[PDB]
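Reviewing the structure listed below.
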Amino acid sequence: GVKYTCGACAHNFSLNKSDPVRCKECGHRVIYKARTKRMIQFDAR
Amino acid sequence: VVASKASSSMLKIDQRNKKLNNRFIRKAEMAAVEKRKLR
Amino acid sequence: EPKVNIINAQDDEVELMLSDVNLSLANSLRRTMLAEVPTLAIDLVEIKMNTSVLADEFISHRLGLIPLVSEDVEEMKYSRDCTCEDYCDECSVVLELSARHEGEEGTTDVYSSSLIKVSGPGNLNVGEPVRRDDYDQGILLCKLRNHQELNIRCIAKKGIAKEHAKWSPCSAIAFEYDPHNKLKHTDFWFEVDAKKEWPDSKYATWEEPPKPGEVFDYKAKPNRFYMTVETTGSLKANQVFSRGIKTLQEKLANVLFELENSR
Amino acid sequence: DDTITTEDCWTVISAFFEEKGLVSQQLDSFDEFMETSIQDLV
Amino acid sequence: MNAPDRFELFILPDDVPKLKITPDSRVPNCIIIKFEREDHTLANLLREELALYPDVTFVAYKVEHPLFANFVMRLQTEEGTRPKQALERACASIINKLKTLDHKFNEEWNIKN
Amino acid sequence: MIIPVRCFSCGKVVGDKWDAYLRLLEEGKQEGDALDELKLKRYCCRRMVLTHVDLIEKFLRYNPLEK
Amino acid sequence: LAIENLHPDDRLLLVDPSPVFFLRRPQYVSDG
Ligand SMILES: [Zn+2]
Ligand SMILES: [Zn+2]
Ligand SMILES: [Zn+2]
Numbered sequence: 028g029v030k031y032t033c034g035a036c037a038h039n040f041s042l043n044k045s046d047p048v049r050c051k052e053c054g055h056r057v058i059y060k061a062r063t064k065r066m067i068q069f070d071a072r
Numbered sequence: 395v396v397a398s399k400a401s402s403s404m405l406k407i408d409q410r411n412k413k414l415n416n417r418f419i420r421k422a423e424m425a426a427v428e429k430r431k432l433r
Numbered sequence: 004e005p006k007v008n009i010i011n012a013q014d015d016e017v018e019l020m021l022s023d024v025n026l027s028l029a030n031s032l033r034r035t036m037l038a039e040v041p042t043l044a045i046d047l048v049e050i051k052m053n054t055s056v057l058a059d060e061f062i063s064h065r066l067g068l069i070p071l072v073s074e075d076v077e078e079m080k081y082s083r084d085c086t087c088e089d090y091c092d093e094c095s096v097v098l099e100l101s102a103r104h105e106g107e108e109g110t111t112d113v114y115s116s117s118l119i120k121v122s123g124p125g126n127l128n129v130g131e132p133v134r135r136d137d138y139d140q141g142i143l144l145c146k147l148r149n150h151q152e153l154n155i156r157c158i159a160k161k162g163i164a165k166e167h168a169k170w171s172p173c174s175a176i177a178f179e180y181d182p183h184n185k186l187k188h189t190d191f192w193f194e195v196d197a198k199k200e201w202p203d204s205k206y207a208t209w210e211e212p213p214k215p216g217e218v219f220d221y222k223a224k225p226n227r228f229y230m231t232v233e234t235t236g237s238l239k240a241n242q243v244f245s246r247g248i249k250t251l252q253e254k255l256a257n258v259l260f261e262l263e264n265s266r
Numbered sequence: 009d010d011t012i013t014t015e016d017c018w019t020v021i022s023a024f025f026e027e028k029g030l031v032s033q034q035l036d037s038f039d040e041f042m043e044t045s046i047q048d049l050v
Numbered sequence: 001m002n003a004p005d006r007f008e009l010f011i012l013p014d015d016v017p018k019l020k021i022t023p024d025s026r027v028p029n030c031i032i033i034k035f036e037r038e039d040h041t042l043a044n045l046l047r048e049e050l051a052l053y054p055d056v057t058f059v060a061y062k063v064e065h066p067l068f069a070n071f072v073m074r075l076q077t078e079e080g081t082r083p084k085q086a087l088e089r090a091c092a093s094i095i096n097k098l099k100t101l102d103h104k105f106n107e108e109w110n111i112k113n
Numbered sequence: 001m002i003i004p005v006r007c008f009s010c011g012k013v014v015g016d017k018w019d020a021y022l023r024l025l026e027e028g029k030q031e032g033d034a035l036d037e038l039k040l041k042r043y044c045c046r047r048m049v050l051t052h053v054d055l056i057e058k059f060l061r062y063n064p065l066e067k
Numbered sequence: 097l098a099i100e101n102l103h104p105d106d107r108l109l110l111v112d113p123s124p125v126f127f128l129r130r131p132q133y134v135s136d137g
């Protein structure tokens, strides 16, 4: 349901709150959440 | 490494500037010390 | 009674001489051209993806400072004065930038020429980023390596330099009068001799140096003012001068209207 | 020979910093510790 | 956090008038004018235009605080003339001067181009 | 980090002259002569280009975090 | 060739209408 990204090989996957926190392909122990989908706006000042 | 073009250009500029500084500053210092000596 | 004499003329700079005007009028004209002439600049940035090494607000600030063509910005409306819903074609210009690096080696530069105008006022010459030539690349915005992409949508609005310096049409306005100091408006600091310790003005040959036997003239006032107006490219120099005059006239007419309506 | 200018002194100082660095005392002390001190304490 | 909005320097609130005139009863024929959302650009122009009129005996302005965009003008004229009429004449005169200045600049630019 | 778009003091656009400056320095021109060639007269604008350090080249050597 | 290879009398003809020890040429990588 929620996207992640591996800290080593930059691979994208998903977790279901029951898998171990690991990369699928290279088995890194460090993963990062993906950027949101909400609209992002700045005032250019 | 596959260095960028700007970085390689800056490296060449740095080598040229280092050589030019090592010549000119040393020559100016030699001129200043000989002038201070002859006084 | 007021006179204008032009010394050098260019698209981006004019050097003129004002005579038979008050000092206050020339200074107010300088201030108006610096802070009150309306231009067009990017004000809202919608970021759809940004995987570069630069922060989002960093890139937004850089985008705000890019000068856009503002020739027909007088026919545009202020965003707060437009009755439209959200942004329309009569109060905003929409630009879009999409950059990416293809390949696994090297670096890609993102220039202001990559900004593409998508919508804006019909038949008005506003919105396009300023470019010196046809082969000029413009202002460096960002740098991208492999798998890094930038995809943004910008909204350009009308404003003045009082709100933010990105809307200023001018960079620097040189301003000077009385090169030989006949009015004694300044008292020259010196160690031995003030005459030979101070460099001569660049307009010193445009005025006759005072005679040695001349006495101080207390009835004189500043009369001739030299000024150079340099523009960022968003407007031409003559356009900036004319619109500064027009803005000052509009402010005075508004004061007069308020006075007459006060009764 | 020829005289030694200030630029020559700065060349010598550059050689010093090329060889030693700025944190050489910390690394050298720790290396001495790990290499011999643990064995001697044991 | 406590920084005011930058558009407050020149945007006039709905309930705030652009111009408020009150008499100064200490001396005869004097008024105090309060200008809102204005600064030295208009103040100095109006002051030094008015100072050259023979029937204007006193003219001055002050910006009380640089963090607030307003200035206050004091104007005193002769018995025959009213200060508001002098202010209107000054505004019209500066407008005419700017008009001829713009005309001559356009003429010279067309000549030199 | 990356060359500023405008001069801090006066606001002249200096962000389009970095690559030309590096080119001129490559050709062997002195820094003052190169700045003269780029029509940067006021020393406020000369300071912007003369004292800029390009840190983005170091930041770009780290591998991208998203692919 | 350069200014050094020029004849001294012709060098004297080059009159402005000497380097100083405290004006260095800028660098980017430094040393250490
Ligand atoms: Zn992985
Ligand atoms: Zn609208
Ligand atoms: Zn500058």
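Residue numbers (UniProt numbering), protein chains in the order written: chain R, 28 to 72; chain S, 395 to 433; chain U, 4 to 266; chain C, 9 to 50; chain B, 1 to 113; chain D, 1 to 67; chain A, 97 to 113, 123 to 137.
C-beta: ideal position from N, C-alpha, C; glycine also.
Under the three-state reduction of DSSP output, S116/U falls in the helix class. Nearest C-alpha to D10/C among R433/S, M424/S, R430/S: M424/S. According to the DSSP assignment, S403/S belongs to the alpha helix (DSSP H) that extends over 399-432.
Nearest CB-CB separation between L25/D and chain S: below the 8 Å threshold. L60/D belongs to the set of residues whose beta carbon lies under 8 Å from a beta carbon in chain U. Assigned with DSSP and collapsed to three states, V31/C falls in coil, not helix or strand. Of all residues in the stretch 91-112 of chain U, the ones placed with a Cβ closer than 7 Å to any Cβ belonging to chain S are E108, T110, in chain order.
Distance from the C-beta of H150/U to the nearest heavy atom of ligand 1 is not below 7 Å. Ranked by Cα distance from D39/B, the first of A44/U, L43/U, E39/U is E39/U. With its beta carbon less than 8 Å from one in chain R, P64/D belongs to the interface.
In this structure the stretch 5-20 of chain U does not lie against the stretch 212-225 of chain U, because fewer than three pairs of beta carbons, one per stretch, are closer than 8 Å.
Counted as a single uninterrupted DSSP element, the beta strand (DSSP E) harbouring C30/B occupies residues 30-36.
Secondary structure of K58/D (DSSP, three-state): helix. Among the residues of the stretch 28-57 of chain D, those with a Cβ less than 8 Å away from any Cβ of chain S are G28, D54, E57, in the order of the chain. For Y61/B, the enclosing beta strand (DSSP E) stretches over residues 56-62.
Checking the 7 Å criterion, the Cβ of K12/D is within range of a heavy atom belonging to ligand 3. Ranked by Cα distance from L100/U, the options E210/U, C173/U, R156/U are led by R156/U.
Identification of residues in the stretch 408-423 of chain S having a C-beta nearer than 7 Å to some C-beta of chain C yields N416, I419, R420, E423, given in sequence order. At a C-beta separation below 9 Å, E15/C has these neighbours in chain S: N415, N416, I419, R420, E423.
Using a Cβ-Cβ cut-off of 7 Å, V56/U is close to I56, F59, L60 of chain D, given in chain order. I69/U is the residue among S31/U, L32/U, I69/U whose C-alpha sits nearest the C-alpha of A71/R. Per DSSP, the beta-bridge partners of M52/U are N154/U. Distance from the CA of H38/R to the CA of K51/U, rounded to the nearest whole angstrom, comes to 21 Å. Straight-line measurement puts the Cα of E66/D at about 24 Å from the Cα of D54/D.
Counting the other CB atoms within 10 Å of its CB gives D102/B a total of 16 or more, which places it among the buried residues.
Boundaries of the beta strand (DSSP E) around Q76/B: 70-77.
Comparing C-alpha distances from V133/U to each of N257/U, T235/U, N241/U shows the shortest one belongs to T235/U. Under the three-state reduction of DSSP output, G67/U falls in the helix class. Exposed is the label assigned to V31/C, since fewer than 16 other Cβ atoms lie within 10 Å of its Cβ. Taking 8 Å as the cut-off, the Cβ atoms of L98/U and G125/U do not count as close. Contact with chain D is absent for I158/U, since none of that chain's Cβ atoms lies less than 8 Å from the residue's Cβ. A check of alpha carbon separations from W18/C across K431/S, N415/S, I407/S identifies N415/S as the nearest. Residues of chain U whose Cβ lies closer than 8 Å to the Cβ of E88/B are, in chain order, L259, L262, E263. Across the structure, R26/B and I33/B are spaced so that their CA atoms are roughly 15 Å apart. The beta-carbon of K67/D is placed less than 8 Å from the nearest beta-carbon of chain R. In the structure shown, the three-state DSSP call for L40/D is coil.
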